[PDB]
Each structure stands twice: as C-alpha cells, then as structure tokens.
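Note sheet for the following structure.
Here the Cβ positions follow ideal geometry from the backbone for every residue, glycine too, while neighbour counts run over all protein chains shown. Please treat every number below as a calculation from the coordinates, not as lab data.
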Amino acid sequence: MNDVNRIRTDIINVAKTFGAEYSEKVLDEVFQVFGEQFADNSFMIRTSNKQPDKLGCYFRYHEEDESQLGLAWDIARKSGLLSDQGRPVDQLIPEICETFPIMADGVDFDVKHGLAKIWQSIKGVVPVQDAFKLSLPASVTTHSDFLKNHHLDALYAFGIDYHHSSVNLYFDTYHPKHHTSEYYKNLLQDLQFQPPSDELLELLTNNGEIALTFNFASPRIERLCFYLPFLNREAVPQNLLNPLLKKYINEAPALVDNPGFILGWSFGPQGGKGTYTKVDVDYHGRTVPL
Ligand SMILES: CC(C)=CCC/C(C)=C/CSP(=O)(O)OP(=O)(O)O
C-alpha cells in the first residue's frame, strides 16, 4: 500500500528534521520485512533525549491479534534482521513463550541500527517471582526483596533489548502508594537515581506504568522509566520538554490531526547516564485511547 511508504517517509523526515542518525539501507530492510505490520497495527514514532542536543529516533508496533502472536519473532529471525549471537539475551523470548500465556508482542526499531527490542505481554498479571526461572540477569533475583518492598512485583510484560543485552520488566501499579507522589520520590531516592522535579512528581500520581531495566553486565538496576498517556498535543506538559522535544510534539507526524502521545521519563544513577525523556506519537490515533 501507500500507507507503508507514507510511514517510511515520515520517519526519514523525523530523522532528518531532528538530527537523528539513520541508515536508508537499514530502513529499507526493515520496511521490506515489517512494513505492513506497521500499517496494520498499533504504531508509534519515538524521539528521546539520551544526548543533549540531538534526538534519537525509534519506531515500534504492537501486535494484539491472536493469530499473529509469535510471527514477529519468526519474521525477525527468518529475514536476518534478528540473528543469534548465543548472547544471554538470545534465549529469553523462547523461554518466556513456554512459561507464560502471551497476549501481545511487538518490535522496537532504531532508525540507524535496525531491530532493537521485542516485547512480550503476559495474559494477565503475574508475581514477578514467577519470572525467576528464566535466564534473566542475576540482578533481577538479587533485588527480589526490593521489588516486593516497593510493590514492583505485579509483572505483566518483558522487553528484550538486543542492542544492549538488557531486559525491561513491566509492573502494574496495583498499590495505593502508586497514586502517591511520595512513593516516586522515595523510590528514586532508594535507587540513588536523579531526583524528579515537583511538576513531574505531581503528574506521577495518576501514573499507571513502571518499567525497570536490568542487564547482564551490572549487578545494579540500570535505570527505570515512568509512562504517562496524553490525549493530544495540548495535554502534554511542555515545561518538562526541552526545545527539541517541544518542536517534536508540535510536528511529529501522524495520520490524525491531533494525535495522542505517550511520554516516558527514564531515571538512572545521579550524575550518571540514564536520565532523559521519551516522546511517542500515537501515529494512527488508536493506541492512546486504549
Ligand atoms: C511501544 C508501543 C507501540 C506502545 C507502548 C508505549 C510504551 C510503554 C513504550 C515503552 S518501550 P521502553 O521500555 O520505554 O523502551 P526503553 O527506552 O526502556 O528501552
């Protein structure tokens, strides 16, 4: 369709507009193999802040259709976009699929580097201890007391990062403290991560999504992320966005006049690497309303 070539053009436009490194060759190979799954599924375009003056650009899709579940991994492997290094990360997706009933999956793409991440969403929420049999990083188990103590133990999804050999764990915000700003202040303090502004803390009371990143090199929790949805460009708190990301919320491409957004705040060791902002445009306009 034209829908697919529209999507490839919008992304090169973003990558160029916002100074994001990219590889036309790489984009081609991804779209050759995955283009239709973009036009036919929940689809989002991301820019992040990991480097002060230039955004990176990503694009991702979410497969909710029962019959298609598992084809993302198959497609990824058969075409060579995801090849096996025997890495500690490389066995996780098969293990997850045998252990847990799966209700959604998705692929994340880096406009320069190609296929970056694969998500698995469990059917329903599970005690995180049920994931302890998997070849996750040792740092997951060794923080089991910390996961329970901060009510980060209702596990619903895995994100497997192949560029960084790291794993994201996703947590439902079941506990009354998750609607409290003091919980996010105390969580960032306990992790010795960079403190949040009061504006962000206020927003986090109606937070609903928490993610934790673990990797095989480090005995420490590498970073965490909070996610909030916003219905449209206007609903976005723009005092939390630097100028480059302000421009992105006004000019991010989508097939609706006023797309919704998912914003992500990554936090890591204070004075260290991983405290930045993520902006996801709801390209089709049907991810955010759900
Ligand atoms: C990705 C799609 C289509 C919908 C979900 C929006 C969402 C929660 C994205 C999170 S991907 P994330 O784990 O935040 O990626 P990292 O930067 O942590 O590697």
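Of note:
- Flag if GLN270 is free of Cβ contacts under 8 Å to residues at least 40 places away in the same chain, farther than 25 Å from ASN5 by Cα, surrounded by fewer than 21 Cβ atoms within 10 Å (Cβ to Cβ) and away from the ligand (no atom under 15 Å from the Cβ): no
- In the range 86-100 there is no residue matching the filter, namely being of a type in the set (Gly, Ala, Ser) and on the phi < 0 side of the Ramachandran plot.
- Those residues of the range 18-34 which are crowded, with 17+ Cβ neighbours inside 10 Å and more than 22 Å from the chain's Cα centre (by Cα), in sequence order: none
- The condition (being touching a strand residue (DSSP E or B) at 6+ places or on another chain (Cβ under 7 Å), crowded, with 20+ Cβ neighbours inside 10 Å and not in a strand (DSSP E or B)) is satisfied by just one residue among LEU212, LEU245: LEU245.
- Residue match in the range 15-31 (condition: touching a residue at least 60 places away in the same chain (Cβ under 8 Å) and within 20 Å of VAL288 (Cβ to Cβ)): no
- Filtering the range 116-159 to residues that are more than 15 Å from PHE100 (Cα to Cα) and either within 10 Å of the ligand (Cβ to nearest atom) or of a type in the set (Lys, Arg) (or both) leaves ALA116, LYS117, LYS148.
- Looking only at residues of the range 273-288 that are under 17 Å from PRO52 (Cβ atoms) and of a type in the set (S, T, N, Q), we find that the one that is nearest to the ligand (Cβ to nearest atom) is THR277.
- Condition check for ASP84: away from the ligand (no atom under 15 Å from the Cβ) and in contact with an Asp or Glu (Cβ under 6 Å, 6 or more places away or on another chain): yes
- Qualifying positions in the range 35-79 - exposed (fewer than 14 other Cβ atoms within 10 Å of the Cβ), touching a residue at least 40 places away in the same chain (Cβ under 8 Å) and either small (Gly, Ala, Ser) or at positive phi (or both): none
- Exclusive hit being within 16 Å of the ligand (Cβ to nearest atom), within 21 Å of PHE109 (Cα to Cα) and either buried (at least 19 other Cβ atoms within 10 Å of the Cβ) or not acidic (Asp, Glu) (or both), set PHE193, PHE261: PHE261
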